[PDB]
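Both counts, for ligands and for their atoms, begin at 1 and track the order of listing. The first residue of the sequence shown is numbered 1, and numbering continues consecutively from there.
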Amino acid sequence: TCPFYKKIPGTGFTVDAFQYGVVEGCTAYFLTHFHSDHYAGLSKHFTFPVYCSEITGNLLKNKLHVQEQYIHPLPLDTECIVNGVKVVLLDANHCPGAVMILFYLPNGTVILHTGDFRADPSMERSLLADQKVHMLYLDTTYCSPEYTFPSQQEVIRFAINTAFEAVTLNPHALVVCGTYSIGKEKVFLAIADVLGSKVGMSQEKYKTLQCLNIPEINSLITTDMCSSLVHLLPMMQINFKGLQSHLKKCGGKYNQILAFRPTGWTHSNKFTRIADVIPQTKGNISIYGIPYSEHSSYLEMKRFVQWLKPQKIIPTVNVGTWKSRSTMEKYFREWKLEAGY
Ligand code: NI
């Protein structure tokens, strides 16, 4: 059954709760973003109202084939009413179309659900600043002090300079970027922009990008692999074997590959700065691991929560074992004692 952390008290609303069949009492199902863990169970066969951003609605319509009658897209930064209750959707700084939701309960309680998010100080000057928030449902993916990572902009600058140098040294080199879902689009679009190229990709991936309301998208992407010097491939193919194989496929139009695997955290975040990063190399193929994160680091999460000062925190990630829950509660108490709420 639907866990308490996916329910919003004093409404019949749920959030990211599609895998449990009909939820007893639920009149509206919110979807924070289009990642399969969160949407799991949604398909053309679902027949209840789904509330979400415009981008998330385009994906539901076109990729999942959910019937249009059940999609209720809502604009951002706008006070709306859903089944008698005031809500606001905010940018989560996660993947395209990802939202946090602010719920103003009839009793006067205010609840923020972050969805998946990468906390940022720009969130301190949104509609959140205008009133007290009593309860916070928090993306706790990286809630431990070992999880540090560079800013998105440091990582993109590194990727840009790296790609530019390599293709100026060898104008017959191909750049490959790995991908599995939506998110991290800036990696491949920034590389392409410094090389004066479109990004080539499969028909399924092009269809996905065409849903995302990216300005001038038709000038940036193509399904003609031949005509482009930055290609997208599935993350699974980003290895020496998969990359040599793809290089055979391109018809001797390129004689070298430089590939990027955008990952989350891995253990080498604890020493190495982005400037020290060096690739793995085998012959004419080089692979760079770059920690481009769309979740809060420990310090980013801690700052946001210390600013917000919630009366209660409900974790939404890593809640499946008591050891994890216990560890997270410890950090929440530390943050509260330090900041005086
Ligand atoms: Ni996500």
Side-chain angles (χ1 to χ4, degrees), residues 2-3 5-6 8 14-20 29-43 50-60 62-64 66 71 73-74 76 89-102 112-120 122-123 136-144 147 149 151-152 155 177-189 205 208-209 211-214 232 234-236 261-266 269 290-298 300-301 304-305 313-320 324 328:
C2 187
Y5 72 88
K6 298 187 174 277
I8 304 296
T14 58
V15 183
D16 305 348
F18 295 96
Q19 74 184 252
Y20 311 97
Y29 292 78
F30 284 76
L31 177 58
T32 60
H33 63 295
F34 196 73
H35 275 168
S36 63
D37 285 355
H38 295 258
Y39 68 63
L42 264 179
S43 71
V50 179
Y51 289 82
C52 62
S53 61
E54 187 197 327
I55 288 157
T56 291
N58 298 344
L59 291 156
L60 289 187
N62 290 293
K63 299 297 291 192
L64 297 192
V66 170
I71 307 166
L74 299 177
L76 305 183
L89 301 207
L90 302 176
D91 207 287
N93 190 38
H94 185 51
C95 66
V99 291
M100 306 184 299
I101 317 156
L102 243 200
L112 181 67
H113 199 302
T114 65
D116 283 353
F117 87 137
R118 176 162 190 187
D120 189 77
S122 63
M123 305 167 175
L136 174 70
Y137 295 54
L138 188 54
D139 170 11
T140 43
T141 302
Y142 291 128
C143 190
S144 186
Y147 293 119
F149 22 66
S151 70
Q152 292 176 162
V155 176
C177 298
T179 183
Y180 25 40
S181 64
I182 68 164
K184 309 196 182 188
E185 290 77 15
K186 182 70 194 200
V187 172
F188 59 81
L189 297 170
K205 184 61 166 192
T208 303
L209 302 184
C211 295
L212 306 184
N213 294 341
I214 296 174
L232 299 205
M235 205 63 72
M236 284 198 85
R261 304 179 357 87
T263 50
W265 181 91
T266 73
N269 267 273
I290 49 162
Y292 187 91
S293 179
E294 293 172 345
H295 291 283
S296 302
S297 71
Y298 172 89
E300 293 168 353
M301 190 185 299
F304 176 86
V305 176
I313 293 160
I314 296 161
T316 71
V317 177
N318 311 309
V319 299
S324 268
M328 291 187 294

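Around the Ni ion (ligand 1), the protein N, O or S atoms closer than 2.8 Å are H33 NE2, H35 ND1, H94 NE2, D116 OD2, listed by chain and residue number.
Nearest heavy-atom pair across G183 and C95 is CA-CB, 3.7 Å. The two residues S293 and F149 have their closest heavy-atom pair at OG-CZ, 3.3 Å. Of all non-hydrogen atoms in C52 and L60, the two that sit nearest each other are SG-CD1, 4.2 Å.
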Report the C-alpha separation of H35 and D116 in whole Å, then their side-chain angles, then the decisive distance to 0.1 Å, and conclude whether the side chain to side chain donor-acceptor pair (under 3.5 Å) test is met.
CA-CA 10 Å; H35 275 168; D116 283 353; 4.6 Å; no
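Note: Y51 and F30 meet the aromatic proximity criterion, with ring centroids under 6.0 Å apart.
In this model, no donor atom of one side chain and acceptor atom of the other lie less than 3.5 Å apart for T114 and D139.
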